Protein chains: 4
Amino acid sequence: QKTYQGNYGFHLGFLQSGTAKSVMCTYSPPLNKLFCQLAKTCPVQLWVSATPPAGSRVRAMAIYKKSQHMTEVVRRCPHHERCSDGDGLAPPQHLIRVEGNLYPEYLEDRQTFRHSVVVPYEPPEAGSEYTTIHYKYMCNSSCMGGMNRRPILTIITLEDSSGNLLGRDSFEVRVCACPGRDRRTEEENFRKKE
Amino acid sequence: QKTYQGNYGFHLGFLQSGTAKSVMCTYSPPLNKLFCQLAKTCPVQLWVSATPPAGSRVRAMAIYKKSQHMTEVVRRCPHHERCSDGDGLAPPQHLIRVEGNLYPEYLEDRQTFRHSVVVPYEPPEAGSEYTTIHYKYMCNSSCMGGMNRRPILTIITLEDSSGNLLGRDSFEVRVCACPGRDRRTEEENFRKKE
Amino acid sequence: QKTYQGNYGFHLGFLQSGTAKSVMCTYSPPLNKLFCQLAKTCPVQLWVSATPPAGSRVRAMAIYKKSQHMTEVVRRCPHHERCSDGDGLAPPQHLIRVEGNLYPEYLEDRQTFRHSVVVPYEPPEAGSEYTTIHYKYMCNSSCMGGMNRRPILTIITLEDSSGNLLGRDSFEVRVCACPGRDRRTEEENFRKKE
Amino acid sequence: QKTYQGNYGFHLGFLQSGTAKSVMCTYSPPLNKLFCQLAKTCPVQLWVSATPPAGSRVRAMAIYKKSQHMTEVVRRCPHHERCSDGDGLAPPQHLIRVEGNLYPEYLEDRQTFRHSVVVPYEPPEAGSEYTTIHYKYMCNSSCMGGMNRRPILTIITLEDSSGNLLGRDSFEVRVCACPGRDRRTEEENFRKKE
DNA sequence: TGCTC
DNA sequence: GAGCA
DNA sequence: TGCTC
DNA sequence: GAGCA
DNA sequence: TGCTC
DNA sequence: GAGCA
DNA sequence: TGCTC
DNA sequence: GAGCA
Ligand SMILES: [Zn+2]
Ligand SMILES: [Zn+2]
Ligand SMILES: [Zn+2]
Ligand SMILES: [Zn+2]
């Protein structure tokens with residue numbers, strides 16, 4: 001439910017600023033919110049202080065932030081669902097896609113009907129303290145008939161081979177045309193109270 | 001094709017300004033463009049200088065203004081097509097609907113596949129120089145996957161009972177959230193050259 | 001072969017300047033050259049001083065301007081030929097497409113193998129001195145493996161129902177990213193001699 | 001994945017500057033990027049501090065540098081793939097070719113479909129600290145329908161006879177018309193921050 | 001002479 | 001449309 | 001150029 | 001309708 | 001960023 | 001390699 | 001808050 | 001990225 005590092009010290013990390021990728025993907029620490037452009041790869045870092053057990057997996061799911069929409073399943077808008085921008089793996093209705101993995105599992109929960117994408121947990125490269133997974137959002141937050149300007153939260157969860165929760169972290173996400181511009185807007189607004 | 005008053009002096013007239021209906025529907029003479037809000041009734045006046053022959057009809061059709069999109073059929077966006085805002089007569093994909101008539105004909109041309117709505121031609125009320133038909137546009141000009149910010153033209157045509165063209169007139173239309181504001185914008189822009 | 005107005009006073013006319021369409025399509029009178037962007041509709045005007053005989057047609061063909069390449073058939077480059085930007089009528093290898101006509105004939109000459117597109121000749125609308133046909137070029141002049149920076153000429157020909165030549169006119173064409181910029185470049189260069 | 005010298009101290013070395021070959025092939029140390037011309041032989045040096053086991057091989061593969069294109073297989077553009085500039089060994093679609101070896105293996109991975117070229121590992125000549133392999137790139141980085149201006153990375157890997165990874169190094173590559181000019185451009189840009 | 005901002 | 005590619 | 005107050 | 005999105 | 005002189 | 005494309 | 005220049 | 005939408 002809430003952030004939970006668990007026994008493996010699991011938590012998320014984000015790309016450093018001033019890199020050019022900032023144009024299509026920029027993270028705001030004070031807001032713990034990611035600003036990105038539709039269909040652009042977003043590098044998310046996975047940090048663990050202990051090696052997860054064999055067969056551990058990483059799930060990504062999107063939920064609406066406000067309790068007023070909490071129960072509504074987050075899916076692509078009717079327009080993009082038909083856009084035919086498929087990669088041959090992600091179903092057309094899924095908002096979140098993983099990039100760089102030829103064997104992701106795209107699921108729909110039998111009871112909640114929520115979408116999620118699962119990928120095997122991979123340890124960091126030699127000399128690295130974290131592992132990077134690339135995600136892509138296939139609709140803008142303002143998409144009519146879709147998120148329709150409702151903020152969402154991306155929930156990342158580390159699970160063992162049997163599905164048991166090992167760790168969980170999350171961040172807000174805004175998919176828009178100008179991440180840089182919009183990020184500044186929400187940051188100076190927030191700063192107005194500091 | 002182009003404006004054609006024909007033998008009956010057929011042409012369109014629009015609502016006078018300063019009426020309150022101006023908020024949801026306001027016409028710009030200099031631009032010969034109608035600014036209106038989605039699903040709001042727009043009164044269009046039909047003027048003839050001679051009584052049309054028995055069984056004459058009035059057709060309304062939407063086409064894209066620019067030759068770059070001219071051939072593309074104008075239809076509602078994927079979102080509104082599923083909105084379930086039907087009146088029980090207009091098919092869900094039609095942009096233009098007639099209001100106030102219990103027997104309109106909603107058609108799709110066999111060759112062009114363009115939509116149109118036909119209503120019997122009605123003469124003016126006693127002491128009136130024109131007849132008023134009420135139209136409604138079921139998508140905003142900016143609708144994604146629909147008109148997607150492409151300006152359109154509404155073509156009104158007077159035809160006899162056999163479908164022969166008697167007269168034809170047209171006007172530009174912009175379906176938006178703030179007709180008044182947007183109309184001012186395009187008018188002062190245009191005025192910049194006067 | 002060369003310009004030939006014939007008995008019908010046939011010749012071409014081009015869009016007036018200062019219209020916005022100028023961004024994607026602008027004609028240079030001094031150069032008798034059209035500057036346009038790939039896949040953008042270009043309005044070409046057909047002028048006749050006498051009504052062509054019944055069943056007359058209008059053909060458009062592209063040839064290389066320089067005698068060094070004159071014999072080479074003008075076709076799309078290998079990349080765009082596979083782009084899948086078809087309209088369902090124009091074969092993928094044809095450079096020139098007609099827009100706004102549901103019944104064009106796309107041909108390949110049995111001996112020269114040159115492409116051309118034929119459309120029925122249509123008279124001007126009432127009160128108009130010319131008829132407008134919309135053409136589109138599906139490759140840039142600089143396309144590698146295609147025109148590869150070799151200037152071409154578009155040949156427009158008025159033919160009767162039997163294929164006999166009634167009239168013929170032509171103009172140079174440059175398909176590029178910035179018609180306005182490039183047109184200025186070739187015009188001030190040419191003006192350098194005036 | 002990342003650079004890995006392994007137990008044999010494997011790493012790459014590049015041609016010294018001021019040699020004339022610099023015109024068609026010049027390496028930028030600060031950028032660890034190679035600037036070269038299409039189809040020109042590029043000498044790459046292989047350095048090991050210990051003799052690789054018998055039957056060791058050297059593989060070269062091209063991948064896109066940005067995660068946004070990471071998954072896309074790097075191949076020649078549609079035009080050059082048909083150019084018929086084959087050497088009788090390298091398949092027409094492969095970007096990278098080895099020069100000077102009559103027995104190279106050109107492969108396509110069964111799962112990723114990525115191309116690579118393998119050659120037997122050869123030790124340095126007597127009195128030499130490194131072995132030189134000659135590679136050639138068969139498309140420009142700007143090739144339309146190909147790399148289309150997307151930077152790539154050439155991955156060199158030392159493997160034993162069974163395919164096990166022994167070492168791996170990499171460098172960026174830009175295939176262009178003027179390596180010298182372009183290299184200066186990216187270097188003074190980078191220097192602007194030093 | 002095409003592409004990014 | 002300007003600046004860079 | 002649409003949405004919240 | 002104004003201000004923000 | 002590729003091509004002509 | 002410079003200048004133009 | 002997305003799109004054109 | 002700026003200005004307009
Ligand atoms: Zn969407
Ligand atoms: Zn709509
Ligand atoms: Zn092309
Ligand atoms: Zn190529």
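The sequence lines fix the lettering, A, B, ..., with proteins before strands; numbering per chain opens at 1. Note that these values count all heavy atoms, side chains included, but never hydrogens, waters or copies made by symmetry.
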Polar side-chain atom of [X] near backbone of [Y] as donor-acceptor pair, under 3.5 Å:
X: C:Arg150; Y: C:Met147; result: yes
X: B:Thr19; Y: B:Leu15; result: no
X: A:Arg149; Y: A:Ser141; result: no

Check: protein-nucleotides 1-5 of chain I nitrogen or oxygen pairs below 3.5 Å:
{"from": "I:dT1", "atom 1": "OP2", "to": "D:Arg174", "atom 2": "NH1", "distance (Å)": "3.0"}
{"from": "I:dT1", "atom 1": "OP2", "to": "D:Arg174", "atom 2": "NH2", "distance (Å)": "3.1"}
{"from": "I:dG2", "atom 1": "OP1", "to": "D:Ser142", "atom 2": "OG", "distance (Å)": "2.6"}
{"from": "I:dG2", "atom 1": "OP2", "to": "D:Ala177", "atom 2": "N", "distance (Å)": "3.1"}
{"from": "I:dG2", "atom 1": "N7", "to": "D:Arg181", "atom 2": "NH2", "distance (Å)": "3.1"}
{"from": "I:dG2", "atom 1": "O6", "to": "D:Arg181", "atom 2": "NH1", "distance (Å)": "2.7"}

When rounded to the nearest Å, what value does the distance between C1' atoms of F:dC4 and I:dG2 take?
15 Å
Please give the distance between the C1' atoms of F:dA5 and I:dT1 as a whole number of Å.
5 Å
Between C1' of H:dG1 and CD of B:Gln37, the distance in whole Å
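Distance, rounded to whole Å: 12 Å.
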Atom CD of A:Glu188 and atom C1' of H:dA5 are separated, to the nearest Å, by 13 Å
Indicate yes or no: at least one non-hydrogen side-chain atom of B:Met138 is less than 4.5 angstrom from one of B:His80.
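B:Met138 vs B:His80: side chains apart.
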Taking a pair to be Watson-Crick or G-U wobble with both distances under 3.5 Å, do E:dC5 and F:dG1 qualify?
yes
With sequence neighbours left out, what residues match C:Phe171 under ring pair (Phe, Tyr, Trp, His ring centres under 6.0 Å)?
C:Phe14
If every non-hydrogen atom of A:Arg82 is compared with every non-hydrogen atom of A:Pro78, which pair is closest and at what distance?
CD-O, 2.6 Å
Who pairs with H:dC4 - Watson-Crick or G-U, where each distance is under 3.5 Å:
G:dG2
